Amino acid sequence: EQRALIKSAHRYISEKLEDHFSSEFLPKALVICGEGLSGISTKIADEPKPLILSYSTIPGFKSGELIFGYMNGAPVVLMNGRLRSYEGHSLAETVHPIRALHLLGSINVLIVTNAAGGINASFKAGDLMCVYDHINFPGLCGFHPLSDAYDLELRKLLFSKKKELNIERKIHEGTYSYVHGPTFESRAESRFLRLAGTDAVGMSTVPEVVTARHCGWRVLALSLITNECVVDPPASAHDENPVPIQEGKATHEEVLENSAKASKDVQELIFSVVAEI
Amino acid sequence: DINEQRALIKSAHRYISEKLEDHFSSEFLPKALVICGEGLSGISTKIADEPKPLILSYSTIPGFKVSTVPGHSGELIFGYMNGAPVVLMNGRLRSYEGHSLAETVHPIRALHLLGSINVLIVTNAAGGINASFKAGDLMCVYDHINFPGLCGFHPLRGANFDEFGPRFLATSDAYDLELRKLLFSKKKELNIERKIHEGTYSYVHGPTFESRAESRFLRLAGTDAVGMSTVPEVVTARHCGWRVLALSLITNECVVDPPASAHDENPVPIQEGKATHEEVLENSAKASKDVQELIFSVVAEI
Amino acid sequence: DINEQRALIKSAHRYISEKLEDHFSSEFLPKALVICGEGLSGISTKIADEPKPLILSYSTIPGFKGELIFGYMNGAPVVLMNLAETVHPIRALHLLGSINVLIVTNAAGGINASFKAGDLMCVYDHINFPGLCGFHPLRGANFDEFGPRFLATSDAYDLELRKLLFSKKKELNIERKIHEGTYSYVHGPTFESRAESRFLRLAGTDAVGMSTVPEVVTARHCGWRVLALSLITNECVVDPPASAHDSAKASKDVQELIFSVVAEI
Ligand SMILES: Nc1nc2c(CN3C[C@H](CO)[C@@H](O)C3)c[nH]c2c(=O)[nH]1
Ligand SMILES: Nc1nc2c(CN3C[C@H](CO)[C@@H](O)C3)c[nH]c2c(=O)[nH]1
């Protein structure tokens, strides 16, 4: 039943691509642009002119848009806009674009970026983390969109481009924990995540990764550490010199600002990478 | 659907606002919602006879659900406690009954539209996970663990009520320091000897009491007390902008030791120490008067 | 909902109790329900011979959805199988008034570093992860006629049943390793990540799978005793991935263990 919708989306996208591009357009990569990476749009070449499809006109895409064009010589699709389970969408609805795009038969790489809170005590706002594993906490309970998910060669390629491009920004390697949201973590929650083996935490991405793997794609995933998760116990009522409980708290404003500051380095890394998938 | 939810919150507020205006000769503007936990219905005896209070059964308020337990249907009580106008939630909806989390926290949204409440005082009963806690101690909650929320059972799931609060809510500042200081000040003023710890409350769905491994898991995760309520209400109150004071009564000590091995010469019987509802109730009843007096003092100073 | 679930449980019992009374010359009052997990449906062959057994397809039983097999096993009358509806069968069979033991077997991944593929783990505790979050067989209105609203699970795995299992393993001279440990119920996949297996271990998991616990909880809610046994089919890896900078022997053994245990209850 949900397959007719997947085929309708494919058919609509297929025919728009035929009408738009002189030559056959077969994207090799899907880039999902998380928080702050929307401007990767500007890396798409003006010739041949891009195709931009609003989600509102693609069957099943529950705003956001798809951008088909050439980036650094490579035909790609950009997802500018992502769907998150805390919005009230089912995980199937969240990964519907991947399954639709998979019917083009040409994508074999998912490059996904997100913002994330730093759980590892050595991470700092402004670092990046190349994801090499994950913990799917909602999946623990059976929320699923449908064995090493994070392709080693693509991770090596990412670090080789950091070097080639002389980007000084730190890129850690570690485990991303997917939690539902939309709250930021309590102190005890973040300490729990740390002891669980979490390096960075966010509210997206993992269902996309799992679906991409199920379609046979390779996956490169990159988190922008936008904030350092508060882990210290809160001020005690017996403290005569307490740290105010509001100090250091996470805000969406901080997430937007720091993802935008890291955006240019991330855009340059992805631009270099896509030419060599 | 958010519009169905708005219409039904709007509707409950009209009913309540109209009943208040019809019943009280001066405008009734409560400063706190007090949610009475298990065994703590006695808090309602601190509502003064004059001015006469208003009791609204959940049965009659649009959008309110009735608890599955009989005959505890649940009611809001609007009155004066220690001269301060309050609203009491006598009874609560707990999610293990079959209610969605949105249904359990709908009363908070509806009451928020009166435009006067800025404090949630929430009480509960809880199992002791921290080894130093004993049945009969209180725990002032200063942090929590929302493991169901992490895993997809979250009261803010869905479209955001942008007229109430932010899409993305921090919870590292959930438990107001000055209210916890005020609680301890009233324990002092009242010469209450019962312990009041500070620690971390974890919400689990229930209705089973924890297995040993589950309790050990909650402990290593940082839990000091465990219950089946409260965190969704705190989160929603925080979303509305309220300050929160939360107070657990430790009604039982969770069983964390590994069960007897098939290899144990004198085995501890696996049923020794098991939680029961009746233990929880009778220990709540023992501590109710202290909890009642603490809240009665607090409300005159918020 | 509760009232329609009650009615379906009653219809399933009514159907089963009739088909039993028509098929067996004498009353069949099973003492045990044996749930045969993934790879262990060979207990179906160990059932006695005389009186020649009763098989009901799930398709035929009101409200179900596999088959229910009623017959004698090593001399004992038993019933074999192979969320609130996942446990519908246990409640229906409870209404016969004779079962007081669930024997549940499963295949599970090894999380305890000491466990090796092919080992057995007798379950003496569990972690019900979905049940902590909101997927729980007892969610909803309580079945007051079956058991309590708030059920303790610190006593869920009977010690005598476990002592009994360990005796039968010696008696049959089974060399297979058998541990005692904690079973974690998850709704994930056998595509668990390394980081997830790492998390399960440090959370206290000895073996992980996707079955058993909802049945254990429902049977305990009915007052039954529970024996649960896992077959470790594989050793989950917990090591992190590479850095960018750098068998029917088991089932046969479980049959004989169950066959032998079924007698002493
Ligand atoms: N859970 C979580 N997610 C994030 C994110 C990632 N997303 C950023 C946005 C909130 O600013 C949500 O979609 C979550 C950044 N920082 C954090 C954090 O501290 N915690
Ligand atoms: N999970 C949990 N909750 C409680 C509670 C809180 N509620 C009390 C009531 C059981 O008597 C349920 O609503 C849970 C008291 N003790 C415990 C405990 O040991 N465990």
# chains A, B, ... in the order shown; residues from 1 in each chain; ligands from 1

$ interface_residues --of "chain B" --to "chain C" --cutoff "8 Å" --atoms "only C-alpha atoms" --output "PyMOL selection string"
chain B and resi 68+95-98+147-149+151-153+204-214+216-217+220+255+259-263+270-271+274-277

$ interface_residues --of "chain A" --to "chain C" --cutoff "8 Å" --atoms "only C-alpha atoms" --output "number ranges by chain"
A: 132-136, 139-142, 147-148, 152-153, 155-156, 159, 173, 175, 196-197

$ interface_residues --of "chain B" --to "chain A" --cutoff "7 Å" --atoms "only C-alpha atoms" --output "ChimeraX atom specification"
/B:142-145,149-152,156-159,167-173,177,180-181,221-222

$ select_by_dssp --residues "segment 53-193 of chain B" --states "alpha helix (DSSP H)" --output "PyMOL selection string"
chain B and resi 101-112+147-150+177-190

$ select_by_dssp --residues "segment 1-215 of chain C" --states "strand (DSSP E)" --output "number ranges by chain"
C: 32-35, 54-57, 67-73, 76-81, 101-110, 120-128, 178-185, 207-209

$ atom_distance --atom1 "atom CA of residue 146 of chain C" --atom2 "atom 12 (C, counted along the ligand's line) of ligand 2"
18.5 Å

$ closest_residue --among "B:230, B:82, B:17, B:292" --to "ligand 2" --atoms "only C-alpha atoms and all ligand atoms"
B:230

$ closest_residue --among "A:240, A:15, A:35, A:46" --to "ligand 1" --atoms "only C-alpha atoms and all ligand atoms"
A:35
